[PDB]
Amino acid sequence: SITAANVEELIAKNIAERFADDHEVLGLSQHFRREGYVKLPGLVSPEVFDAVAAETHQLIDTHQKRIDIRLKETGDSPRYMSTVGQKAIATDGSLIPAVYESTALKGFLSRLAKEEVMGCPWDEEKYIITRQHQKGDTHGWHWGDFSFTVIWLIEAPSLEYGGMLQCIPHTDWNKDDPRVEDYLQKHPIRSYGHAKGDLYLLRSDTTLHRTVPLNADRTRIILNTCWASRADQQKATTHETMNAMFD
């Protein structure tokens, strides 16, 4: 019912209704800038979300790859999870690439960021899927290579089972000497809970972030659609953490 050919109009209609209050949008922008994070319930309609979730589950079944690694560029923090890479989503999907190209979605995110939110210059980071499903699974402390990440909560357990997001904004990623523990000591951590159906926006290049490990065998699945800034387009970027976690 929802397809690459009609999803753009649905995204624009929802944004026009959901974010009609200019003062609410101003507050969302200020929260995003202050905290590096803002929750955006209803960013897409429930129907669009469900269509995107259905595609996500299909991609996981065909393509998911188990990883159990630790990355020196983020202080040897763990990535214990299963993943689907951008190449497989671009090859097999249709809805997810169409949402990623959404003029209306990028235009609303530009309002929050107060600058142009645009396509990522490295194709392989535009969108990925992670599935946490075993006790101990986690997306450990890290930064993103690009500026504007929207996380889609495709599945999530009750928060006492793990999966809470934690953030420290206004930091920076030095891959040669990331100093994760020094940042935790210098600044407070904000923790945010999410349920299935939620969406949130994250300033991934300057917000140090992670998910709290699962403490039971439960399923948490996110889609990560990652957009970029003007400055992101010309900065020299290495992709080692991306190459390590996704096919």
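We number the residues from 1 along the sequence you see.
Two stretches are in play, 157-165 and 91-99, and the higher mean C-alpha B-factor belongs to 91-99. Higher mean CA B-factor, judged across 219-227 and 13-21 from the recorded values: 13-21. When the Cα B-factors of 134, 171, 149, 138 are read from the PDB record, 134 comes out highest.
Listed residues 29, 64, 211, 206 were ranked by CA B-factor as deposited; 64 comes out on top.
Looking at the C-alpha B-factors along this chain, the one for residue 45 belongs to the highest third. When the modelled residues of the chain are ordered by C-alpha B-factor, residue 112 sits in the lowest third. In this PDB entry, residue 198 carries a Cα temperature factor that places it within the middle third of its chain's modelled residues. When all modelled residues of the chain are sorted by CA temperature factor, residue 179 is found within the highest third. Placement of the Cα temperature factor of residue 143 within the chain: lowest third of the modelled residues, per the deposited record.
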